[PDB]
Each structure stands twice: as C-alpha cells, then as structure tokens.
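Beneath this line is the structure, given in structure tokens, with notes to follow.
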There are 2 protein chains.
Amino acid sequence: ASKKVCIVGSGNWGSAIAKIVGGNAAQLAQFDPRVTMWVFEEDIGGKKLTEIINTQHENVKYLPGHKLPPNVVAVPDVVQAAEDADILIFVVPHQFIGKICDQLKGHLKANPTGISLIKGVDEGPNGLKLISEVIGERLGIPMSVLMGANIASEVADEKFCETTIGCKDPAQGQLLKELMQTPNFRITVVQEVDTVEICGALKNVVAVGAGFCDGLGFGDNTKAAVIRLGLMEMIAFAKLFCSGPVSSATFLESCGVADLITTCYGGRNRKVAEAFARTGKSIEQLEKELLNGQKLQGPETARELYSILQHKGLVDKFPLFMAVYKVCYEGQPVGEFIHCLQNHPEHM
Amino acid sequence: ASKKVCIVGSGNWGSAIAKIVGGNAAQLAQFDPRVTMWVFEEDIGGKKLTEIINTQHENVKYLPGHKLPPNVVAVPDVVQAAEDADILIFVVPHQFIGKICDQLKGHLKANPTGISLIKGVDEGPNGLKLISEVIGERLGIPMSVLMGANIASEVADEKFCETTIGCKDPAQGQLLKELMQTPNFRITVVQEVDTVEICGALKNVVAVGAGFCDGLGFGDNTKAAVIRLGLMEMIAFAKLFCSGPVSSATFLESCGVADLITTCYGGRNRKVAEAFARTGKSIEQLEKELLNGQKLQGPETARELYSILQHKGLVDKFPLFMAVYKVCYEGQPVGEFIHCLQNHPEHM
Ligand SMILES: NC(=O)c1ccc[n+]([C@@H]2O[C@H](COP(=O)([O-])OP(=O)(O)OC[C@H]3O[C@@H](n4cnc5c(N)ncnc54)[C@H](O)[C@@H]3O)[C@@H](O)[C@H]2O)c1
Ligand SMILES: NC(=O)c1ccc[n+]([C@@H]2O[C@H](COP(=O)([O-])OP(=O)(O)OC[C@H]3O[C@@H](n4cnc5c(N)ncnc54)[C@H](O)[C@@H]3O)[C@@H](O)[C@H]2O)c1
C-alpha cells in the first residue's frame with residue numbers, strides 16, 4: 001500500500017517543501033497522491049487562507065511567486081490533517097511545535113513515522129533536548145530529520161542545492177529520500193541523527209552574528225571568520241552536550257558547513273541581525289516589520305543555548321554564541337562584537 | 001640584533017602585506033625599520049613605478065586608495081632587495097617565482113629564512129611538489145607559509161580577519177607571528193605546513209567553479225554546495241598527494257573553510273569565472289580586461305591538478321576540479337557544470 005504523507009506546517013519552508021513533496025507524491029507510486037498540509041488558519045482580506053490555498057493553489061503570503069501542486073490539500077485542523085498519515089513532515093516555527101504535539105498526541109496511526117525540519121534546540125531537566133526527541137517522545141513515533149543549506153526562495157525556484165537527512169533506519173532513509181529528492185534537491189542520508197540536527201539549530205546563532213558584522217560595515221574576510229569561529233564552537237558544543245558519538249566529519253555534510261555559509265549570506269537571521277545593528281529596534285519589532293509574519297529561529301535559539309550553558313555553569317566557554325545572545329537580549333552594544341572575535345580561543 | 005625583512009613582490013596582496021609588515025617593523029624592536037620590497041619595474045607613463053612608490057608612498061595601480069609606510073622602500077633589483085634580508089616574504093604571482101629564485105640563488109644571507117604566500121602547486125618527478133618546497137630547495141633556506149581568508153582590499157581597509165601560518169619551527173613561528181600580526185589581522189600558527197599550503201592552492205580551483213555558478217544565475221544554496229563538494233575533493237586530494245600526515249582538522253583553519261568562503265564570494269577568480277560563464281571570452285583575455293595587471297591563480301592551478309592527476313591516471317577521481325579545468329581549457333560548455341555536482345560522489 002502507498003504511504004500517506006502529511007505536511008504539518010505551511011510557511012516559507014513548509015510551502016516550498018509542499019512543492020517538492022506534492023510533486024513526488026503525484027509522480028511516485030509508493031506515495032499516496034493526496035498530500036495534506038496543516039495550515040494554521042488566517043484571515044486575509046476576509047478570505048480564509050486555507051480556502052485561498054485550495055482555490056488558487058498558492059500561499060503567496062509566505063512563498064511569493066509560486067504555485068503549490070493541486071494535490072497538496074490545505075486542512076485547518078491538525079488532527080484531521082494527520083489522522084491517516086503514515087509519514088509526518090514537521091515543519092513549523094519552533095515556538096508552536098509544542099502545542100501541536102498537544103492535539104496530535106494519541107490521534108496518529110499505528111506505525112506512523114516522522115521527519116523534522118525544525119531548526120532549534122530544547123532543554124531537558126538533564127542537558128540539551130533535541131526537538132526531534134521531544135516530538136518522537138510525545139507522539140511515540142520513529143523520528144528522522146532533514147537539514148541543509150536550503151533557503152526556501154532558492155529551493156522553490158528549483159535552483160540546484162543539497163540537504164542532509166538523518167535517519168538511523170536505512171530502509172526508512174531510502175524511503176524519505178525517494179519522497180524528498182529532486183534533480184535539483186540532492187539528498188545524502190546519514191545515520192548520526194543528533195549531530196545533523198544540532199548543526200541546523202546552532203548555525204542560526206552564528207548567522208545572527210554574521211549579520212551583526214555586516215551591519216557594522218564589514219565584508220567577506222570577516223564573515224568567513226565568524227563562520228569559521230562559530231563552526232569551532234558548534235563542533236565543541238555538539239561533542240559536549242550531545243548523547244554518545246559525535247564526529248566532525250558530520251559537519252562537512254550539507255547540514256554543517258554548507259548550511260552555515262548560505263545562512264550567513266542570505267538567511268532571514270542575517271537580514272534582521274543586520275538591521276538590528278543599524279537601527280536599534282528590537283529583534284521582535286524588526287521581526288514583525290521585515291518578515292511579514294515569518295519567524296526567526298536565530299535569536300531564541302541563542303537564548304536556549306544560554307540557558308543550557310548556565311545550568312552547567314559553562315557560559316564562558318562559548319564567547320561567540322553568548323556574544324550573539326547578549327547583543328540580542330542583554331543590551332550589549334553591537335560595536336563590541338568584533339571583540340569576541342579578537343579574543344576567541346584558537347581551539348576548543 | 002634586529003632582523004631585516006625583504007618583501008619579494010608588490011602586487012595587490014604584496015602591497016597590503018607591505019602595510020602590515022611596514023608598520024610592525026617600524027613599531028617593533030626585533031625588526032629593522034628599513035623594509036625592502038622587490039618591485040618588478042614598470043613604466044607608468046614615463047615614470048618608473050619604483051620611483052613613484054618611493055616618492056608618493058603608494059602603489060595605487062595594484063592597491064588603490066591606500067598609502068604604504070614610508071619605511072617600505074621599493075627596490076627594482078631583486079638581488080639588491082633580498083641581499084641583506086634575514087626574513088624573506090615570498091609574494092609574487094606563481095608564474096614569476098621560478099625565475100626570481102635562480103636569480104636569488106647564492107645571494108642570500110647564511111641563516112636567512114622565508115615565508116611563502118604564493119597559492120598554487122607544482123609537479124615533481126613522482127607527483128605533487130609544493131611551491132614553498134621548490135623555493136626552499138632552490139634557495140636552500142627553511143620555509144613557512146601564511147594562508148587564510150585574506151581578500152587584500154579588505155585587509156588594507158583594516159577590516160577584521162584571520163590567517164594561518166604553517167611553520168614547523170616553533171621559535172620561527174612565533175617570530176613570524178610577531179612580524180605579521182595586527183589588531184585586525186589575527187594569526188594562528190600550526191605545524192602542518194604542507195596541508196596549509198595545499199588549502200590555499202586548491203580553494204582557488206573551487207572559487208573558479210563558484211564564479212561559474214554565479215554566471216549561470218545561481219544563488220547561495222548552490223554556492224554553498226559548490227564550496228562543500230569542493231572541500232570534499234580538497235581533503236581527498238591532500239590526503240592522497242601530500243607527503244606525511246594530513247589531518248582533516250587543519251581544514252577548519254582560516255586557510256581551509258574560511259578562505260574557501262571569502263574567495264568564492266569576493267575573489268578575483270570568482271569575478272573572472274562569472275564573466276567567463278557570461279561572455280565566452282578566454283580566461284586570459286578576461287584576466288587582462290578586468291584585473292588591470294593582477295593575476296588569477298585559479299585556472300592555472302586547475303591546469304596543474306590536471307597534469308598531476310593525468311600522471312597518476314586519476315583524472316576521473318575529482319569531478320569538480322576537472323570540470324573547472326575542462327570548462328576553462330577544453331571548451332566544455334559552462335552550463336554543464338551543475339552536472340558534476342548532481343552526479344558528484346557523496347563521500348571521498
Ligand atoms: N525559511 C527557510 O528558507 C527555511 C529553510 C530550511 C529550514 N527552515 C525551518 O523550517 C521551520 C519552519 O519555518 P518556515 O520557514 O516554514 O515559516 P515562516 O517562518 O516562513 O512562517 C511562519 C509560519 O508560522 C505559522 N504561524 C504563525 N503564527 C502561528 C501560531 N500562533 N501557531 C501556529 N502557527 C503559526 C504560519 O502559519 C506560517 O506558516 C523552521 O523551524 C525553520 O528553521 C526554514
Ligand atoms: N589578491 C589577494 O587578495 C590575495 C590574498 C591572499 C594571497 N594572495 C596570493 O599572493 C600571491 C601574490 O599575488 P598578488 O595579489 O600580490 O598580485 P597581482 O596578482 O596583485 O599583481 C601582479 C604582480 O605581478 C608583477 N608582475 C607582472 N609581470 C611580471 C613579470 N613578468 N615578472 C615578475 N613580476 C611580474 C607585478 O609587478 C604585480 O605586482 C598570489 O600567488 C596570490 O594567490 C592574493
């Protein structure tokens with residue numbers, strides 16, 4: 001029997017993914033052509049967004065200049081969207097996944113599996129807690145993740161790129177790959193799930209600082225350095241707080257070095273972080289003023305890093321991460337950022 | 001006794017290095033204030049360049065909008081400029097190093113040392129042969145290297161960046177760091193010379209490829225993957241052709257990931273690579289029409305990797321490098337570049 005797929009989420013990335021998943025489900029036999037997409041209902045000029053999506057087959061508010069495959073159906077109730085799904089792609093802003101596992105808990109199919117595209121980290125009474133873990137625990141289903149240099153707008157334009165899928169079960173990995181891959185969306189399945197997922201979360205903090213540096217008037221040599229030092233801390237962080245095995249070779253996958261690069265140069269975090277350096281407005285305000293409803297995962301992830309590090313009394317071990325955190329939330333002048341670069345340890 | 005320094009070269013990078021070396025030499029006791037710089041004489045409208053430099057204290061033709069420290073003296077005869085030097089900074093386009101060397105052979109001080117900033121590779125009977133090695137053997141002097149994300153224009157504008165110094169001798173490493181370091185030019189000394197030098201050489205080949213993709217109309221996700229797949233081939237190439245230990249860590253130094261990033265975004269090879277993808281003019285002609293005298297090291301380096309690989313019969317082992325080489329010299333359509341990424345192996 002063909003597998004039913006449900007896309008929980010519908011934003012910039014969620015909509016781009018819909019195009020890829022919609023296209024594959026329709027052309028592939030192993031996947032049910034009917035693909036549901038949970039859409040947090042919104043009123044746009046009196047019309048309901050779900051209505052507009054199923055009528056015009058496009059979510060222009062979040063993914064401009066693109067159509068969505070007709071077979072992707074917008075469903076306002078999450079339970080109804082996931083009810084009969086065999087595979088659930090979790091792709092919503094970090095701050096809402098919690099409540100969504102709410103309603104979903106206990107209303108899923110027997111052997112339903114899931115894959116997460118959410119970038120960020122959670123905290124557990126005992127160390128760091130991956131979003132994928134939290135979701136897999138609450139919903140009780142096998143989890144995988146997809147992480148890579150995939151700025152939505154470029155993906156929706158079908159511009160060549162790659163991504164990394166973290167899945168322990170080979171059979172499932174080859175499965176998710178057949179569902180996600182495209183002649184221009186090349187995937188590499190990997191087993192070190194945790195490392196691949198933390199690369200996605202942590203790279204956004206680095207990108208906020210990169211953004212700060214642009215707002216300070218610096219160029220490529222500097223952004224390269226911020227990227228380079230942040231990578232030093234990312235690997236240091238993963239090897240410290242991640243359960244079991246953590247290899248550096250994993251950071252050389254799309255989820256590490258490549259995602260770090262494309263994000264520091266063209267991600268939403270870089271843009272806002274640059275404006276923050278210039279205007280002095282709040283991360284929140286700029287978020288609302290510049291992203292037309294899309295969510296930043298950068299700042300809040302830094303905030304989470306802070307909490308995770310202090311509960312271990314190790315706040316002084318990650319200068320760059322904490323410098324990003326302090327400028328965003330503590331009021332530290334952006335003009336002192338360079339300083340964390342000038343005194344950053346040579347190795348960690 | 002202070003050490004006299006001689007800068008062999010006066011180009012884009014040579015001139016910036018002169019500012020940095022000129023400044024520290026004047027400010028630090030261990031270095032003689034008189035800094036000689038060999039300048040390949042040029043007739044700039046009836047005036048000798050060396051005369052312009054020593055009078056106007058600027059080499060605008062190669063480093064626009066900047067002055068050079070008065071203590072940096074332009075010397076037209078390389079033997080005269082290097083004669084009394086204790087430290088020699090080799091920084092000239094790859095194509096001119098060989099001739100300069102046999103001119104210097106037997107004319108250096110007994111215990112003279114040298115550091116090479118030249119990016120490229122040569123070929124010896126059986127395989128690879130590093131430029132620094134060729135210089136050391138021909139001039140019979142100990143060698144070091146300086147390699148990092150260092151776009152000259154930015155280094156000259158005093159914008160924060162880092163660089164890597166590859167030196168086997170600790171004492172000599174610290175000394176070179178004192179002569180080269182700046183509050184905005186941060187140095188890390190490592191002993192893996194060979195790997196550091198191979199990174200500078202190889203990354204330009206990747207940058208030519210990045211420029212191609214820009215010329216094909218692609219964005220950041222594609223450039224990121226280009227850099228990522230390029231790194232994969234770099235490490236695999238270094239581990240296979242370099243003498244002695246080649247650690248993957250070394251690539252996380254400025255000379256590796258960083259320079260890879262900055263070059264692919266604001267380097268001369270990228271600029272020309274793009275113009276080549278658009279106009280169809282020869283690289284040589286573009287080099288002349290766009291860099292007002294400056295020299296690209298990327299295309300010739302690819303031409304060299306081809307020679308090396310074709311002598312080991314491994315031309316088929318490095319798709320990306322050889323794709324860069326083929327588009328540059330065989331007439332392979334540039335549009336066919338993405339094809340070497342789509343079919344690129346996942347691991348090497
Ligand atoms: N934007 C990208 O290019 C990109 C690329 C790779 C991964 N991602 C990741 O994808 C995840 C999803 O982000 P995204 O880009 O699809 O969205 P957005 O950040 O593009 O959009 C905000 C979305 O949140 C929803 N929303 C707003 N208020 C809500 C509420 N109160 N409750 C529930 N939902 C609400 C809206 O329905 C809208 O779809 C993120 O974790 C991010 O890291 C994004
Ligand atoms: N440009 C950069 O930002 C940068 C940054 C790091 C490393 N580098 C490396 O530094 C090395 C030096 O490059 P550069 O940027 O100073 O030069 P250019 O490429 O900036 O200049 C060409 C130079 O070559 C000289 N020249 C021309 N014809 C010659 C001849 N026939 N004989 C001898 N010399 C001749 C000129 O005097 C001129 O100074 C290169 O190998 C490069 O990879 C450059």
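Ordering of the structure tokens sets the chain letters (A, B, ...), residue numbers begin anew at 1 in every chain, and ligands are numbered from 1 in the order given.
Within 12 Å of residue 69 of chain A, once only C-alpha atoms are used and residues closer than 4 positions along the same chain are dropped, the contacting residues are residues 15, 16, 17, 18, 19, 20, 21, 22, 23, 24, 25, 26, 27, 33, 34, 35, 36, 37, 53, 54, 55, 56, 57, 58, 59, 73, 74 and 156 of chain A.
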What residues have any atom no more than 7 Å from ligand 2 when counting only C-alpha atoms and all ligand atoms, and can you list them as a VMD selection string?
-> chain B and resid 9 to 15 39 to 41 62 91 to 94 96 117 to 120 147 to 148 150 to 153 293 to 297
Restrict the calculation to only C-alpha atoms, then for each residue of segment 213-269 of chain B with any atom at most 7 Å from an atom of segment 162-169 of chain B give the closest atom pair and their distance in Å to one decimal, rows by chain and rising residue number, as a tab-separated table.
residue	atom	partner	partner_atom	distance
B:253	CA	B:164	CA	6.8
B:254	CA	B:163	CA	5.4
B:255	CA	B:164	CA	5.8
Write out as a ChimeraX atom specification all residues of segment 275-344 of chain A that backbone DSSP assigns to alpha helix (DSSP H).
-> /A:275-279,283-290,298-310,319-329,337-342
Please, what distance in Å, to one decimal, runs between atom CA of residue 188 of chain B and atom CA of residue 149 of chain B?
->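 Those two atoms sit 12.5 Å apart.
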